[PDB]
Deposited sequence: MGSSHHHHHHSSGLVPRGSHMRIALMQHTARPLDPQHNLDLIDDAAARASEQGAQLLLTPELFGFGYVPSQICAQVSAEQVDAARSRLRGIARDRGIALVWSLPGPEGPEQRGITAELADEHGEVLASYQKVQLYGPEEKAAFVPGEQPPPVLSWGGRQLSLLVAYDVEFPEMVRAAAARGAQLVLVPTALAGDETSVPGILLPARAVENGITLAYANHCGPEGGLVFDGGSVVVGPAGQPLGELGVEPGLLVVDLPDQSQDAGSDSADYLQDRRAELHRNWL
């Protein structure tokens, strides 16, 4: 409903089913969600991993050109500006098909790209055959009165990746994902710990349905710093809208830890 008293940030997560290799369809779905989110007074929309082309790594590598990626990117920056909402998307990277990774980018409500990130932790042999892993830590930036960061999918399952964001000041970590196979331990067990162990909030936006030979779990969720869900979806398409309201990060002996991994 109405924006509450103690909240100045309202976010939205898109959970839907993409059509493999049909960016016009999938980007129309993101535009629809962006509009709906903005109508409900959200200031940012998070969407799932590789949504624009579908989660089809091998087919992205074989069939999607750099010019097609750029065309999608341009449309998404357009959606952010035209729907007046910050937008996090995930696309192949901008290089050629043999040299690019899986990315996440944040555009503000004016359409400016504020931050870009390449997935460090690729999942499985298909991703590793289709994409180059990222080599840079997660970005952290001020937006909306807080420090936001980006990670993609499998990345959040490594405590190191979330710690790398929180070490740089992250408060709100936004994670496009694509999680299939009834993997309940990721949102059920790992995400709450990532939140608690860093004192942060995490938003996790999944696909949810038949798509590319998989059946995605849905279960999109926003987890706060106590490890509790602030909002969660089930298995069907939906738009989750959430108002956001030990000192592990100081106590950790990082100079020793770094030598022990």
query: Ranges of the deposited sequence (numbered from 1) for which no C-alpha atom is modelled; finding: 1-12, 258-267
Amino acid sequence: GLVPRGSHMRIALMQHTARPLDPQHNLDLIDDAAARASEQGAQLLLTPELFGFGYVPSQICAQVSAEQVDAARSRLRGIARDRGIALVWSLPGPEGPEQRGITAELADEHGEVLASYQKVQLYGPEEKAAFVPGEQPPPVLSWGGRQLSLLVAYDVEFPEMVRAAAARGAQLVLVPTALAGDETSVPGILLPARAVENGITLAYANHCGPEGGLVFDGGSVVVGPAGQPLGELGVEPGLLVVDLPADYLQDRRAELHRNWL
From here on, numbers count along this sequence of modelled residues.
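The term rigid core refers to the most C-alpha atoms you can superpose between the two forms while keeping them within 1.5 Å.
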query: Divergent stretch in 5 other deposited structures of this protein, 12-20 or 246-254 [C-alpha RMS, superposed by the core]; finding: 246-254
query: 139-147 or 152-160, whichever carries the higher mean Cα B-factor; finding: 139-147
query: 107-115 versus 120-128 - greater average Cα B-factor per the deposited record; finding: 107-115
query: Of the residues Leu174, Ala170, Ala71, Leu87, the one carrying the largest Cα B-factor as recorded; finding: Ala71
query: Given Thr201, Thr47, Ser38, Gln63, the residue at which the Cα B factor reaches its maximum; finding: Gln63
query: Third of chain Cα B-factors occupied by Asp31; finding: middle
query: For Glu67, the third of its chain into which the C-alpha B factor falls; finding: highest
query: Lowest, middle or highest third - CA B-factor, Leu179; finding: middle
query: Chain-wide C-alpha B factor ranking for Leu233, given as lowest, middle or highest third; finding: middle
query: Position of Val215 among the chain's modelled residues by C-alpha B-factor, lowest, middle or highest third; finding: highest
